[PDB]
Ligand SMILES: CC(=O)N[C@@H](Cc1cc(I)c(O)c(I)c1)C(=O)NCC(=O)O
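This document starts with one chain, in the form deposited without the named molecule, laid out as structure tokens.
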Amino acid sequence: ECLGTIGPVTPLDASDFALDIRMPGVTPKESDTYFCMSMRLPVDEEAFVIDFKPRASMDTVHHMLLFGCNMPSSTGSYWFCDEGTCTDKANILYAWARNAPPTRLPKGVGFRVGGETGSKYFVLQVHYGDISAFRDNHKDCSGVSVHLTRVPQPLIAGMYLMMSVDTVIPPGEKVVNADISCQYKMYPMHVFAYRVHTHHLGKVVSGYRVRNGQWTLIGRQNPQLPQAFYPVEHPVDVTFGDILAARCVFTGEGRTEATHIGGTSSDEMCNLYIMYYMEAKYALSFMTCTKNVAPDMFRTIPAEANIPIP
């Protein structure tokens, strides 16, 4: 699968091209190795990401994530993602998970990149699980083919990130809730996909839109299942005056010391990635909620938010 003499850029037609984002023939020496690499966009003008095709080794790649950003964490050929993904904010565009197949972008929908305000780089994370296939000492070029176009898209994809920052999980503690909430104050977004992220202590993650005190399910997932972007059961609009609300349920069981929010496996995260589309003339590409503005509101959270997925 390694790119040879033809390189990473395929002409599709007048205004479209495929960009292949692949590891430069890497060979992991340990299990659960996270490798990152970057690619500058080959065009300066604004472009739209309208499709993704995975190029994974079905024998060694556990997951892949693709981000857009302006400042990749390294200037090197490739690095361990422990160093970081991007030094500015990494905008997730795509997740590929083993045993949980991705869902296509709706037609007419694209991420805006490049230009004056869009991402100038793609960063690709590859999670290598079982490295028993690397007994060959073979070079791996797993990654993702992205379909770019110059043609403006009627609908712009973006990300609403809900994330905990203050969470403290005391050791042995049966149940710890991490609650996130913000008022929505932009033009309408329609949620079409969601991804959940915790580390090993996470039991369930749920996101809701609350309007006039009524809770509407965006997504609810066990974070110990493959962390792909999952389609929303039914399209959900989030509109001015709505509150977005999310809860991660953790346990402290099995830990001798307290667990707080951080980047390592002995730390936790409570992340819910809400992938939306917006009308192009109304669109903004990213929003983040790191707060809990209506904590008392969580008294009426559906009971399913506290119950593990069977």
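One-based numbering along the sequence shown.
This protein has a second form, the form solved in complex with the named molecule, left out of what is shown; the following refers to that one.
For the named molecule in the deposited complex, the listed stretch (189-197, 172-180, 134-142, 116-124) containing residues with heavy atoms inside 4.5 Å is 189-197. Every member of the trio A18, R104 and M269 reaches the named molecule in the deposited complex with some non-hydrogen atom inside 4.5 Å.
When the named molecule is considered in the deposited complex, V293 lies well away from it, no heavy atom lying within 4.5 Å. Not displayed here, the named molecule is kept clear of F250 by more than 4.5 Å at the level of heavy atoms in the deposited complex. Using a 4.5 angstroms limit between non-hydrogen atoms, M37 is distant from the named molecule in the deposited complex. Contact between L217 and the named molecule in the deposited complex is not found at the 4.5 Å heavy atom cutoff. Among the residues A100, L155, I92, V232, the one placing a heavy atom within 4.5 Å of the named molecule in the deposited complex is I92. Though the named molecule is absent from this view, in the deposited complex it lies within 4.5 Å of a heavy atom of just one residue from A56, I261, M278, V26, which is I261. Contact residues in stretch 7-31 (any heavy atom within 4.5 Å of the named molecule, taken in the deposited complex) are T10, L12, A18.
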